[PDB]
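Below is one structure; the comments refer to it alone.
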Ligand code: HEC
Ligand code: HEC
Ligand code: HEC
Ligand code: HEC
Ligand code: HEC
Ligand code: HEC
Ligand code: HEC
Ligand code: HEC
Ligand code: HEC
Ligand code: HEC
Ligand code: HEC
Ligand code: HEC
Ligand code: HEC
């Protein structure tokens, strides 16, 4: 069975354009019913049509959850980036598919993200905004949790050279200090960071990520005892997971978005002043003709 | 990961209008919860709504730290400049965003500040105070740490001409002599200035800025051994930082506020009589019709 | 950066009521510490509270250096003028703020001083002492180093008329002959005056002011080789300076206090018998009902 | 700037008890050095302590020049008047401070001198010497160069009545005939007096006073071409001067000491037999109980 | 100013031992030059040293004018009295200093002369010559021009008693008749005496003394039109003068030497046969043990 590391590993929901709508292009009759994309699930039984998507459609077709954020960026309080998302989906989050375990042999994982394109637009361009083209490039590699890596893909050669010279891909995240109790209560502390810096394939071994609270009478943010939040993540040490975060193409670092918005304030990560999560946008907003784009 | 040069490079806190308040316009439900600006983080889990701000709002929305200074100027002991700040935010500090490194190719950085406007107000005006309009103009440029620069922006043409003729933007700061010990103790000396004057992009290489003390039994100001101060800054030589200071539009010099208030007295910077930090206000308080405004 | 012409151009020290005292009304916590005027710099880190002062307070709040002179006048050997200084500060020295350069366009400078008030006190008063009221009036003007000037302010109309008719404000000082050597040694001669008489804005171009000695084995006063004195001043030809001296309201002449007390004796300024520095007190001690007060 | 009429108008030298001595009560450290009256100018830099003196001390503290005359009277060839000078300073010379000009409005000037006191000493005293008490009284007045005057002060009522009845104070001096050449040579003639008699405030307009020679091959006294003497005085028509001479309290006439000792012989002032300069001593040496003392 | 009655009232020339000689004990440097009695006026500027003399020196030190008469008596045609003058100066002329005026109150005047001493030299001496000792005694008094007088001094008691009994001191002189013309011509008549006999203090009111001629084509003595003689004296009615003559101690009469040698012949004073001027020598040449010496 698939294991959850940071995201629900429902390979159908993220790849098949919803399941509950009327026409439901992903739904088809079971035995001899209507052809694919024609049944009415509210009026007749029909089954998944085995639809799989590739390319930029997958980024856009991830609006099955996160309706609030999608509406927030599209004609909401995030109106600025509306042009980018409405044309390329979530064009700045990196999805890292991972396959199998047993660290004795070495796993296999690919990383998918976007890279701004700048070969056009009157060479010599050094603006504070990028041109609207991103090529949806990807990187995939194989290796053991310790030591060497082998790279492949169609990423820009400048990033491939950096990754080959480095020899590994690193993962860094911010670990808000937390206290775990017997009944599952998770309360955050006031001064603890324990900055993460490990190989990507050794990051599958540890699950000390804070990622919000779930307790009661907590002194930081949460106060309601009976809610369904998402506390500290799971280990998943030799399984098939979907690691989600952002990929800083400048240094080849896959960064996890470990803390949430209410837990990115000074009295909660004081020892380490920086939050690694917000680092992708420097590969978009301060570009020039060369660099690594 | 973002690097800290003089300011916390938390790109969300300075651009998203707080995160912990009740309504919390920057907070939105994670999967299908309340729309953006409607969750209660103390009563339900919700996530950053990807809100980004541009214009004069960003200057005003920087009241998430520095509550003491904001209250000091607004109806406090800094009551004089209350009219300016309450309408334009911190209208005299310059924020210099910087992107990427590897000085072989050259970085890219922009500078944001304010410039008094004087085209109105009965031509021939030569008062000791400026008119209340500042246009929040910006300058951005690209170049290597050594030699030539290329400029662009919407700054007044008089300043653009000076910057193009000069060919570079310089950084100057006051370096109070300090002694660094093994245990991190930093004690200031009695006579050492070592005035800074370097290209802006070569200022990212050196971190000899004094910027307060952190030791114990210090003979200058500090006496308490266990406090969390901010000692000498960090290098950040090929990273994405946020350099903060003031920009003197008269000479195109980006000035760092290197020493703090307790360390701007005669027995602490004696060899160099002037403190470069307090130089912005000459572009506001002694203006005339032309000049560089 | 600010330039030094005759005084340290530390715009905070002269305008913010000290920085090192316990309560330290000008000091405030950095991020969320105690409010302004409440931190203890010897026990906790806190920063300048952006306090700026206007009016008669600025004159009194200049006791951060010059403790010896302040104590000399207040209940010392200068006991006579103790009543005036303790109520109005240094009420006879003129401070001349100056802004920007490039003499092609023309600078902008204001002058601040005191003027005795005599409209009261039984009209017909022609005593040898003035009444204790001085109104702390100011004059500001704009113009190029050559030729015309434009005046404004709230000074008494009699002085404004004289300044407009004259068309310029002149600067005069006594230049004790000096010899400058390679190693910085400055020795005064026996007969050289070279009386100064130039427009105020052309006085920023030349720095031939003697202003004490710094050498060794000097035959005039100084004998110790290793001391920190203040030798001949600096040019500062297109910068923001703070010119300090006295303003003779009778002729509208801004007079620099060029020589010091040990160098105002006959064998050191013989060719010119008068010392222009001591000329302010004729606007206080020999007044009548009209005049220019 | 102050103007010289007959005396160096150095208001500090005559009022501040020297400047070059070791202890130097008038010298104080500049910024934070030793307190007033404690610096060593030959070993450390220190500045005028703003010391001002009033009363009989000012008369005694004028020994900073005129060392030869002071030693001549004190235990020298002027041994007779040694008792008077050692106790009251120069008790027979009159100092007349003057303030401002523009004769359209009228100036303001005070006169300071000594008056013998005779109310004691067995009424009926008509000796040829006065009693040793002089009260250092003063007279000050205001008026235009033409016509009326207004008097005030604490002088004996007998002199005040005479001055009010007269309506003006007159100045008289002896003008030795002189010839002035292009190169500054001044040679005295053999028969020319041109006795002076004018209002005090109209005496500031003319500068025909002989007051010694400065030429070469002169047939009267001087023979050396290269000396620094004091030739004919200056006009100073609307300025702040210090007129020095003697005040004959008998007639209220301020008398200038116009010619020097070598030029008070018969072949140099023949037309007028009397020299007005030596007229003060009749108010000391031939007094009685009443008179104007 | 001093007034001239019969003698130049130059109080310095008669009291300070010349001014033009090389060593010039009465001359001293002005500001810091050579000490008193050491300057060379022909080679350097120096000023009166305020030297005043008392005693028998003043009589001898009156050789600054009258060189002809001094040489006439000393080893000349007046060889007889050479012993007296060379040891006591002009020991038979009386000098009468006078002070102030306004005859309503009364003036004050002293008289200085010589009195032969005869208490020694074998009591019973009645020779035709006096012994060589004269004691340089003086008399001073106060009184109004009319009526009573008050006497004091150290004169011999016999003369004091006579003066007190008389109650006044009288002045007598011979008035040669003269005619005064518009152009200043003064011509003497042939028969007019108008003998003077008045109180000393009322003699200051009238100036009808002949005292030589100044005209042209005069029939008495003078023939040259252009000469500088000394015609009829001046009034000086309420001033400070120096009355010069001889004092006849026998009757206490101060006698003026009114006519000169060429005008003491019979056809010029015919009505009064005696000339009062030559009356002093009867107090020297016909003395005895008692009398009034
Ligand atoms: C349905 C279920 C979806 C779909 C179709 C997508 N997401 Fe999202 N996601 C989902 C859940 C329940 C959560 C909570 C995380 C948890 O339970 O542990 C998330 C979280 C994220 C995050 C935060 C990652 C982290 O905190 O470590 C991101 C960045 C994210 N999801 C992105 C994302 C994108 C880009 C999608 C479409 C391309 C997308 N999700 C779809 C549930 C669901
Ligand atoms: C939250 C965290 C913020 C926010 C939202 C702003 N600042 Fe400020 N700032 C912050 C810290 C922790 C510090 C300490 C500096 C350090 O840790 O090294 C500062 C400092 C400054 C300074 C001093 C710069 C220097 O000493 O070199 C300035 C001038 C400053 N901050 C300005 C500033 C402005 C103008 C802001 C809003 C527009 C602002 N800050 C927001 C923390 C925080
Ligand atoms: C701290 C630093 C101060 C403060 C707060 C004031 N002064 Fe003063 N001042 C200071 C220095 C180091 C010097 C030396 C001058 C030099 O380095 O070149 C001075 C000098 C003066 C002078 C002399 C001016 C001259 O010689 O040309 C004056 C007249 C003077 N300072 C006046 C003054 C007044 C009136 C102040 C308060 C209102 C004042 N100072 C404050 C240093 C400092
Ligand atoms: C220092 C400089 C002093 C001081 C402290 C005093 N005097 Fe004197 N004085 C000085 C100079 C250089 C001169 C020359 C005059 C000139 O340059 O024109 C004088 C002159 C006088 C005179 C003569 C006045 C005349 O000729 O018209 C007098 C009477 C005089 N000075 C008096 C005087 C007194 C009474 C002082 C102390 C109370 C005194 N001076 C101080 C220079 C200096
Ligand atoms: C310099 C000037 C002197 C000095 C130092 C003395 N005298 Fe003499 N004197 C002087 C003048 C110019 C005149 C002319 C008189 C005039 O101008 O009206 C005189 C006159 C006399 C007289 C005659 C008095 C008379 O005619 O009424 C006498 C008796 C006399 N002078 C005496 C005298 C004595 C005793 C002196 C020294 C002790 C002396 N003089 C000095 C000019 C000068
Ligand atoms: C929550 C999101 C999400 C989930 C869950 C997910 N994917 Fe994807 N997948 C993506 C996105 C986004 C892309 C876009 C890659 C591109 O556009 O090039 C992608 C692309 C792919 C590709 C294309 C690779 C290529 O070279 O074209 C494959 C294969 C794939 N996914 C397999 C899987 C499998 C197998 C699972 C589950 C068992 C899975 N994915 C689950 C988001 C997801
Ligand atoms: C993957 C690309 C990408 C990333 C990552 C990204 N942006 Fe942008 N951003 C854009 C583009 C494209 C635009 C211009 C949109 C347009 O012109 O329509 C833009 C515009 C903006 C603007 C407005 C610029 C203007 O001139 O008005 C702001 C502000 C901004 N972004 C902030 C941010 C911040 C803050 C981050 C990171 C926290 C970020 N962006 C991350 C692509 C990106
Ligand atoms: C502590 C303050 C601060 C931080 C941190 C900060 N900014 Fe800004 N930023 C500002 C201010 C102030 C402005 C105002 C510029 C204006 O008003 O024109 C601004 C403006 C901008 C703009 C607008 C440029 C334009 O032309 O309109 C962009 C893009 C931007 N920031 C990007 C970023 C990114 C990306 C980060 C972090 C990864 C970041 N900023 C972090 C203060 C900050
Ligand atoms: C970016 C613009 C700006 C800067 C920088 C600035 N000021 Fe001002 N200042 C103003 C304005 C605008 C006013 C007038 C406010 C009003 O009229 O309401 C003012 C007013 C003042 C006043 C009061 C003037 C009066 O007539 O009462 C003082 C004092 C003052 N400033 C001091 C300073 C000092 C000191 C500095 C530098 C250390 C400084 N200011 C920097 C904009 C500025
Ligand atoms: C050493 C002394 C000193 C220094 C340094 C100094 N000032 Fe001042 N300043 C004064 C004094 C004194 C006044 C008093 C004026 C008054 O009372 O009217 C004053 C007044 C002012 C005013 C008030 C003008 C008005 O019309 O009310 C302004 C604005 C000002 N200063 C600006 C500055 C600036 C900007 C700087 C430095 C960058 C500076 N000053 C540095 C002494 C100083
Ligand atoms: C700006 C005004 C001002 C200036 C400039 C000034 N004074 Fe004064 N001075 C005063 C006042 C006011 C008093 C009277 C103080 C009192 O009555 O309490 C005074 C009093 C005096 C007194 C004592 C007067 C008395 O009757 O006892 C002396 C002496 C004196 N000043 C000397 C000087 C000298 C010397 C100077 C110049 C070198 C000078 N002053 C400059 C204002 C001034
Ligand atoms: C060369 C001598 C000299 C000079 C120069 C001089 N004074 Fe005086 N001053 C005196 C003397 C002597 C007195 C003594 C008055 C007394 O004792 O009553 C005096 C007294 C005074 C007084 C006291 C008035 C009173 O009523 O008590 C004042 C005020 C004064 N001076 C002002 C000045 C000023 C202002 C200057 C120059 C700008 C100056 N003086 C220059 C010699 C001088
Ligand atoms: C032309 C001659 C002459 C002139 C002019 C003159 N004196 Fe004298 N004075 C004398 C003589 C002679 C004595 C000698 C008295 C004695 O020896 O006792 C004398 C003595 C004195 C004495 C001494 C009195 C005593 O009791 O010892 C005084 C005082 C005096 N004079 C004052 C003056 C004054 C004041 C002036 C002018 C302003 C003046 N004199 C002008 C000739 C003169």
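Chains as they are written, first to last, in the entry's author numbering: chain A, 24 to 316; chain B, 24 to 316; chain C, 24 to 316; chain D, 24 to 316; chain E, 24 to 316. Cβ coordinates follow ideal geometry from the N, Cα and C atoms, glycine included.
Would you check if the distance between the CB atom of residue 149 (chain B) and the CB atom of residue 167 (chain C) is smaller than 8 Å? no
With a threshold of 16 other CB atoms inside 10 Å of the CB of residue 37 (chain E), please say whether the residue is buried or exposed. buried
Under 8 Å from the C-beta of residue 263 (chain B): neighbouring residues of chain A: 273, 302, 305 and 309
Check whether the Cβ atoms of residue 199 (chain B) and residue 291 (chain B) sit closer than 8 Å, and answer yes or no. yes
Using a beta-carbon distance cut-off of less than 8 Å, what residues from the segment 95-111 of chain A approach chain B? From the segment 95-111 of chain A, only 95, 96, 99, 100, 101, 103 and 104 have a Cβ closer than 8 Å to chain B.
Please compile the residues from chain B whose C-beta is within a distance smaller than 9 Å of the C-beta of residue 184 (chain A). Correct list: empty, because the minimum Cβ distance to chain B is about 12 Å.
So, with DSSP's three-state summary, where would you put residue 80 (chain A)? The three-state secondary structure of residue 80 (chain A), taken from DSSP, is helix.
Would you mind giving the Cβ-Cβ distance between residue 132 (chain B) and residue 120 (chain B), rounded to the nearest angstrom? I have them listed as a contact below 8 Å. The Cβ separation is near 6 Å, so the contact holds.
Please report the straight-line C-alpha distance between residue 137 (chain C) and residue 203 (chain C), rounded to a whole angstrom. 37 Å
Taking Cβ to Cβ, would you say residue 178 (chain A) is nearer than 8 Å to residue 194 (chain A)? no
DSSP on residue 123 (chain E), reduced to helix/strand/coil? If DSSP states are grouped into helix, strand and coil, residue 123 (chain E) belongs with coil.
Among A:284, A:303 and A:263, which residue has its Cα nearest to the Cα of residue 24 (chain A)? A:263
Between residue 285 (chain C) and residue 42 (chain D), which are expected to be in contact by the criterion C-beta below 8 Å, what is the C-beta distance as a whole number of angstroms? 6 Å
Three-state secondary structure (DSSP) at residue 233 (chain E)? Residue 233 (chain E): coil per DSSP, three-state reduction.
Identity of the residue in D:44, D:171, D:96 and D:243 nearest residue 20 (chain D) by Cα: Residue 20 (chain D) lies beyond the range of chain D shown here (24 to 316); nothing can be said about it.
By Cβ distance, which residues of its chain are closer than 6 Å to residue 75 (chain A), with the 5 residues on each side in sequence left out? 38
With DSSP run on the structure shown, which of helix, strand or coil describes residue 185 (chain D)? helix
For residue 106 (chain D), report the span of its alpha helix (DSSP H) as first-last. For residue 106 (chain D), the uninterrupted alpha helix (DSSP H) run begins and ends at 105-111, by DSSP.
For residue 216 (chain B), the nearest candidate out of B:238, B:298 and B:188 (CA to CA): B:298
Could you tell me the distance, in whole angstroms, from the CA atom of residue 50 (chain A) to the CA atom of residue 60 (chain A)? 6 Å
May I ask you to check if the CB of residue 189 (chain B) is nearer than 7 Å to at least one heavy atom of ligand 8? no
Whole-Å CB distance - residue 282 (chain A) paired with residue 48 (chain B), under 8 Å assumed: Contact flag wrong, Cβ pair sits at about 20 Å.
Should residue 139 (chain A) be counted as a contact of ligand 7 given a C-beta to heavy atom distance under 7 Å? yes
Could you give the first and the last residue of the continuous beta strand (DSSP E) run that contains residue 266 (chain E)? First-last of the beta strand (DSSP E) with residue 266 (chain E): 265-271.
Between residue 30 (chain D) and ligand 4, is the CB less than 7 Å from at least one heavy atom? At least one heavy atom of ligand 4 falls within 7 Å of the beta-carbon of residue 30 (chain D).
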